[PDB]
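**Student:** Would you be able to build a 3D model of this:
(4 chains, ligands or ions: 1)
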Amino acid sequence: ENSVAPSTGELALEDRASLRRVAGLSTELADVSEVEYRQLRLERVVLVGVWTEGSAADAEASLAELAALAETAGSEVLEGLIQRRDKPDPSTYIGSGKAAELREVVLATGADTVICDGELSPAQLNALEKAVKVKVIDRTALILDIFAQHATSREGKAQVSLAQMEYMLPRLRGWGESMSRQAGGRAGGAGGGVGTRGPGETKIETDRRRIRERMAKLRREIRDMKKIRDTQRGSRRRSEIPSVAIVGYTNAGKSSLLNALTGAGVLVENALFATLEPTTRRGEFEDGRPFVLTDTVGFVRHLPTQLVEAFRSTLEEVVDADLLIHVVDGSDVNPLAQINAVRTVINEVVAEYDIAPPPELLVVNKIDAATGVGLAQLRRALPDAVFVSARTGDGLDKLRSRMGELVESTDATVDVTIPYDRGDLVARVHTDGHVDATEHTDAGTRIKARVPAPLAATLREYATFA
RNA sequence: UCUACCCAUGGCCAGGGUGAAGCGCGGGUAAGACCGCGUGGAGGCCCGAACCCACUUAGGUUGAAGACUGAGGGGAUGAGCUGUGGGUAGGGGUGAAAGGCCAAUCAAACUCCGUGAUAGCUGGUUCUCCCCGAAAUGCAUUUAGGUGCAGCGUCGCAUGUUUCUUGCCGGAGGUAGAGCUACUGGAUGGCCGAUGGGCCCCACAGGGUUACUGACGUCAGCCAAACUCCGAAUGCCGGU
RNA sequence: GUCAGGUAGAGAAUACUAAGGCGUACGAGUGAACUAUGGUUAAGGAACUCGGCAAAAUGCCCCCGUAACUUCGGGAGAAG
RNA sequence: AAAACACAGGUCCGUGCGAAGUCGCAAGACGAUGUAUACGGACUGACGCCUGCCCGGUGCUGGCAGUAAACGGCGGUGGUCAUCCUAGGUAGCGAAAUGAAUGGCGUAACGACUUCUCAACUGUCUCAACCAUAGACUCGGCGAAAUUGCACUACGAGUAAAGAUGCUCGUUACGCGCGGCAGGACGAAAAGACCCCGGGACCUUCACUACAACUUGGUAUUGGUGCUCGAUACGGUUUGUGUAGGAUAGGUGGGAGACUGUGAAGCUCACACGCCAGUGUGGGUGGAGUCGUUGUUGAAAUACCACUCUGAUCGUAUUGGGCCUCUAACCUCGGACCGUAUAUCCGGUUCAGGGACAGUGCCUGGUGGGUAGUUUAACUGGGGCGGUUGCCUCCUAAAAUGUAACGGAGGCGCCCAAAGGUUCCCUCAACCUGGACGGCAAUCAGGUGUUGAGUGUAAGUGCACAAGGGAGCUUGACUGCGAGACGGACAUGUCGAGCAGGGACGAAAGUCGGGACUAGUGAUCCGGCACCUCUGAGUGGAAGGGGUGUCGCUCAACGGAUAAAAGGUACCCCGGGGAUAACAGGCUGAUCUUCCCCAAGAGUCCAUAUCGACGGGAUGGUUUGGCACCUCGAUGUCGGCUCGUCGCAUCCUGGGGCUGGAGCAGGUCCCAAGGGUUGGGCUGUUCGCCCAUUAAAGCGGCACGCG
Ligand SMILES: Nc1nc2c(ncn2[C@@H]2O[C@H](COP(=O)(O)OP(=O)(O)CP(=O)(O)O)[C@@H](O)[C@H]2O)c(=O)[nH]1
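**Tutor:** Numbers count the residues shown, from 1 in each chain, chains lettered A, B, ... in the order given. Provided below are the atomic coordinates:
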């Protein structure tokens, strides 16, 4: 450019941001012992994203999410290139100044792997590939691959496959044929719910006709596994046991809490989304009533829009709850970015299924290893919260106390006396009603029990006034 | 003589509306523009018969008809329709251009001639009995549904068991099988245990001795079209 | 190509008729279904359907009254 | 019948006048009885809007001045080519009714155009009924046609060239008619238009080869004058370095005479040469002999020549090219007369213009789809796209040879003057030991080391006896041959003992006609080059031919159609094919569909109320497929309508078990096919979405039933 729209000194329209090959942390790197063959850790993925929003500090966690995605998905990151583009690029994504830079960046990797962050229309992916000719899958395809490798239940192996088909259907030509040509089991290779390839050799399939047919069958099957789930939850619904759910960002001790308060024993792997199918377990409020506890799947910033069906059961558990719990990973940078996304998910849930929002119990987790990011009322960034340490079980008592006190009691506290002949009633109050205490009176007892509705009218006749 | 276009010379277009220029009276206006009122009758104007077309629908669809009928439809003073007489002719004509039309036919008319065109393609090829009796393979092919040569039939002449079967004898294999501690590779479980780690007491030595891992071997149990230390049965080549 | 009666009518349209010319060359029956061409229809009124295709509707004369827009001519027989 | 063509309007290009353009071989014609405000061709298509930074000079019309992105540049930058003022239909201006500001927006009126909505109306429909006429039907008369192997021509389930009136086993059926329906006779009709193969046709082009047309030149018509550059012929003293030197000498053969007193040698000077070798020309007091083979230089003498040529460029004869003209050939559709009463024809005479130009002939190059004749491969699990095509090596290949696939892996189109021949000698790879660099690791020593290294090059077969590693000498990487065989359609391809001649190496025996072996290549024709004793169109020669050796092809589609060749056809046509595709049928069941088996787990505890991973086994024949068996001398497609009929894998209704069945209501499984299973708006929908109901708004087969 000699005199074309005078912009000398930039060639990228931005004084500071322009072409931003920061390589600040260089994402992250690995170490020895990944040296058996070349496919145990091969996709030395380079990352790229657009700073199109506020502080690059709050966007650093955004690319940390992608780095963690790659780490849990297997293949280890090798480089990261975050562009300070003012606004998202309309047709391409890289910046058109890095359209050549990308190749000389990726000559430093180990195997062909470049990853974008935002969801890319096929318009992007038609030339973003031609930029380097190396397979590029965005963050949504990475989430779909993670779930594909983590799917284990029949329901999940259909929801994940449907989500992948619904994501790949728009971007069939070009990109779709690109991973059709590339059949080695890459990061985009996914696998569907099989995980151990199977349809992984077909990846996300290629044919639009075949995709459409399998999509119709999967729609029908997911329809069936909702009138299965309603049956399975009927027993809880009919008994109206007080339900408590645990939501929040992934890796925030969401399953460790449910293995901590109650001795459930669910998988607690360190990687990202692993408890991909909701599981619920019984529990007793320390003082009185019993309850049920449910741990959900896991939320992410800018959640993929093809995974709402895979999250549908999670949403159902969220709606059918009394005390919602968003667990925040205390020992992590910016412990609020997770919170805003989780909350936003909550609003879209309460909107899609119109219901009175339930109280949201707040717990900060991993404060045992935290360096006190606030170390004050600053650490009380949300002043209402309980600082539990699931790795050590510190706030369990305080949590177990306040969670019940914040669930509300639908009991009926009465004072009743029972002549000894009808010890059946004494036993029924002592095993169903959660009696506080009493003194063992001459003929009866001064029982002060938070008796329920079935026995409320039972004990009305044998009442007392003292 | 149909149709396309052109030339010469003739004819036809019921009826009913609208109302251009111009002109006049004027006004209007400084005057002009213009505005009113009259006359006037223009227009590839309007509605609509004859006429010329052919938009829709139904019928016909071995028709009444090798392109029509019924009902509606478009133009109908015009780049109009039409009579009579002419002109342009085939790689040519004409074409408000459709590969349209040029005598019921047009991505090159018809007729006769070259001419009995040619067709690796299709069809057809007419009486009897007797004797023998296939092939659908190889090679080559502007070749793959054709053909050339070889193989297999038959007839004749020459030779005469040379053919074939069985027994015996002499042969070369690397198949079936099996084996791998005999090569090249895969691979299971131990034992031996280098080294690397092991890193602490604390030396930096030496020790403990590594969740360890692990050279090197070693034992056991396996695998292979393109592995063979091995290795048949049949078949094949000679002799008898 | 020539002629173009009468009444109704603007009309060479249409209907009925004068002059004149014809009954046009297979007939006779018969309430079959069905097909064609006509006719009518309760109550709804395009629900039919690819699609108001087809049919139905409007239609004449005289008085009034006539929109957006406009190339100032028209629209316009507006509509009513 | 239109959105296509045309159109008025516009823009560009060409044309100065029997014009350009077109028809004709030409003459001639139209253009036009016109004349740049006109005519021809090409694009666009009323009308409007969008839209130049402002005039110096590459230059232009020329008289300085236009001009606009006439050419830049939008740059300062007015401004709005106006003062000054810069060699991209362009981001000028970068201005969203909408990349077009020469291509996009608008646009009144108009349209048998396309797509929607409203009001009115209606048998279009709910959902039909009735009436008349013309057929149909009956009676009398006349009286066809396509079709046709047959015939006292059933149905089910099978079988069969895989869809049976004809076959098999059963079930049903008295003989002959009439009126109707349209499910079959793969009904009739048309030697399938789709698809493939072969032929053709017409079209296109930077396919090949030609031609027309245009055009560049040479020359003939075609001549004269001059200038004019010289391509021209014919002669010329002095000049001329080894020149031996009476001394810077062209010979030559005559050579002994010429120069002779107007002037010998010797000269002296101006000037050529200038290599002062010093010759000389010319000029000058100038003369009264130097001379010459004087043998002299191979050789004159500056004595001559007759030549030779050698001086060194002056005259000298014809001659090309250029320029200038001129008239006389030739040309004029410029005029005037005459034949000629008639005459824009034609010819003749004459004047006026051109004029050796043009036009035309023969020759010669260039452009040349304007036109023609033709080419444009085959294989192929249809064709196309993609790949391949010859040679070598493995596996397939079933222990001889051979053996296919669009089966599994690779290589080659060479390299080497030594990496060939011979003689002689040697042994590796790896391991251990210990030595400065030195390291697991360059070199050294010792020890193990029997083949695991190497072998130019792929792979295989081999080779430690070495074919592997060295050194010496050599060219057998020969000539004339080759008994006998291998492989073989043929053409090719191989091996070969041994003989003779001349060699190499080795003392000799003996080995040597390329390389451990198997790839490294191309027939024939045609034509080069060298040698030879062949032959030489009457003869002698030569030309040409012949023989021997050898050379020229990615003729790689590699047994090689021509030396030379790409496409389109939905405008297509013919000849064939179910040898081969699209629909349907048939086989398979990968895919699909419905279940089942084991039980990790989920389900508040809880494998099995409801679900069920990881794996396995099946049914069915509805999806997409795979195959290519029937049909290409025709088996008419999707959807909708009408009419159905059947299965159950049951949507509703009916009967049961379990339940995480308290009741109400559900979930799941079993039994159950009698009946029923709505009407609309959107969608090609094939699918589906939406609206209002319903007991419910089932899924499927029947050529995806039914033209
Ligand atoms: N140090 C520490 N680590 C914790 C604490 N709580 C949870 N973690 C860690 O978080 C990790 C993620 O395990 P998990 O409990 O599944 O977290 P999660 O949020 O449920 C991840 P998912 O959403 O996929 O189930 C575990 O490895 C666990 O060790 C804590 O209090 N301290």
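
**Student:** From now on I want contacts and neighbour counts done on CA atoms only, so please keep to that.
**Tutor:** Will do.

**Student:** in its sheet, what does the helix or strand where residue A:292 lies sit against?
**Tutor:** Under the criterion DSSP states H and E, the helix or strand holding residue A:292 is strand A:290-295. Here strand A:290-295 is paired, per DSSP bridges, with strand A:243-248 (parallel), strand A:279-284 (antiparallel).

**Student:** Could you export the helix or strand that it is followed by as PDB, CA atoms only?
**Tutor:** Using DSSP H and E, the helix or strand that follows strand A:290-295 in sequence is helix A:312-319. C-alpha atoms of helix A:312-319 as PDB (Å, rounded to 0.1, in the frame of the first residue of the first chain):
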ATOM      1  CA  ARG A 312     -32.000 -31.300  28.600                       C
ATOM      2  CA  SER A 313     -32.000 -33.700  31.500                       C
ATOM      3  CA  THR A 314     -29.700 -31.400  33.400                       C
ATOM      4  CA  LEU A 315     -32.200 -28.600  32.700                       C
ATOM      5  CA  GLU A 316     -35.100 -30.800  34.000                       C
ATOM      6  CA  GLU A 317     -33.200 -31.400  37.200                       C
ATOM      7  CA  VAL A 318     -32.500 -27.700  37.600                       C
ATOM      8  CA  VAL A 319     -36.200 -26.800  37.200                       C
END
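
**Student:** what's the following helix or strand after helix A:312-319?
**Tutor:** Next element after helix A:312-319 (DSSP H and E): strand A:323-329.

**Student:** which helices and strands does that following strand pack with?
**Tutor:** Judged by 3 or more Cα pairs under 8 Å, 6 or more residues apart in numbering; DSSP states H and E, the packing partners of strand A:323-329 are strand A:243-248, helix A:337-352, strand A:360-365.

**Student:** closest one to the ligand among the ones you listed?
**Tutor:** strand A:360-365 (5.1 Å; Cα to the nearest ligand atom).

**Student:** so how far is that closest one from its chain's centroid?
**Tutor:** Chain-centre distance of strand A:360-365: 15 Å, with Cα atoms, centre = their mean, to the nearest Å.

**Student:** so it versus strand A:243-248, what angle?
**Tutor:** 50 degrees (axes from the mean of the first three to the mean of the last three Cα atoms, to 10 degrees).

**Student:** Could you spell out the sheet neighbours of strand A:360-365, each with its direction?
**Tutor:** When DSSP bridges is applied, strand A:360-365 pairs with strand A:323-329 (parallel), strand A:386-387 (parallel).

**Student:** returning to what we had before: out of the helices and strands packed on strand A:323-329, which is closest to residue A:289?
**Tutor:** strand A:243-248 (11.4 Å; Cα to Cα).

**Student:** Which residues of chain A lie near the ligand?
**Tutor:** A:250-256, A:268-270, A:272-275, A:297-298, A:365-366, A:368-369, A:389-391 (Cα under 6 Å from any ligand atom).

**Student:** before we move on, back to that, just name the most buried of the helices and strands packed on strand A:323-329.
**Tutor:** Comparing these by mean neighbour count (mean count of other Cα atoms under 10 Å), strand A:243-248 comes out on top with a mean of 25.

**Student:** What lies in contact with it?
**Tutor:** A:254, A:291-299, A:317-318, A:320-328, A:338-339, A:342 (Cα atoms under 8 Å, 6 or more residues apart in numbering).

**Student:** Does RNA strand D have contacts with that strand?
**Tutor:** No - judged by Cα under 7 Å from any atom of the strand, strand A:243-248 stays clear of RNA strand D, getting no closer than 9.3 Å.

**Student:** of all the strands paired with strand A:290-295, which lies closest to residue A:334?
**Tutor:** Closest among these, using Cα to Cα: strand A:243-248, at 14.5 Å.

**Student:** Just the C-alphas of the closest one, formatted as CSV.
**Tutor:** In CSV, the C-alpha atoms belonging to strand A:243-248 read as follows (Å, rounded to 0.1, in the frame of the first residue of the first chain):
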residue,chain,number,x,y,z
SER,A,243,-34.5,-32.0,45.9
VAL,A,244,-31.2,-30.1,45.9
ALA,A,245,-29.0,-29.8,42.8
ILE,A,246,-25.4,-28.8,42.3
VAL,A,247,-24.5,-26.7,39.3
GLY,A,248,-21.5,-24.6,38.3
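
**Student:** Noted, bye for now.
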